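Here's a solo chain for you in structure tokens, the form deposited in one PDB entry.
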């Protein structure tokens, strides 16, 4: 893994707060990830390591906790502690009651105001802010997507944060990847930029699958030939232009996350943008 060597040399297991297993109670499944409680109270999410695992999974498990623990930013999910001295091993994580962003967008689509344009911009700003922090600390996420963004709560005042559920040829998330990534296996900060562009499309489409009527191979050929997605329905021009900038063919021509963040912020300052109405579905279609 491209992150393990640096994290291992610059972060210690002693930095991880071991919580006695007796003080951890699992409450309910969430998706393995459980809602748990630490007392004897703190509300947490709990990732488990299956007892039947390799010594590589043992490493992967430890490294997840070490890598998360190296970060300190409001738009990046926290590692609360661990319980590695008991089986099955636990990682204690910031509980995000809002759930994943993709599910949130789909379930909160305006149906005959659940969401407004400014709400989408704030989510995009939140994630862009976290990505800038990651970039500034030379961390390449490699799987920026709505499925890996979490929300603190559903109502107003919600905060979006970057995480990684770790789900990542047939397995490559091609629809979120720039050409140099799915052709050459090159990953940089500018490949995260491309992915963020796709995430923006997910947000303002209100949770649609990217390249809606296309398979992965069709997207592969589409993108390599210069093809790009159309704007989501009712998407403001200034927002779409951020997307198309993120999708410049050469990484040198893509903006960094400082610039992306500035441009998102400019959009929130534009009444014509934030007063734009999101589309409404109508059941019978």
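C-alpha atoms forming the largest set that superposes within 1.5 Å between two forms make up the rigid core. Numbering follows the first chain given and starts at 1.
The same protein also has a form deposited in another entry, omitted here; what follows describes it.
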query	finding
Residue among 262, 15, 18, 270 with C-alpha shift of 2 Å or more between the shown form and the other one, core superposed	15
Closer or farther: C-alpha pair residue 8/residue 18 in the other entry, relative to this form, given a change of 3 Å or more	farther
Comparison of CA distance in the other entry with shown form for residue 8, residue 21, at least 3 Å	farther
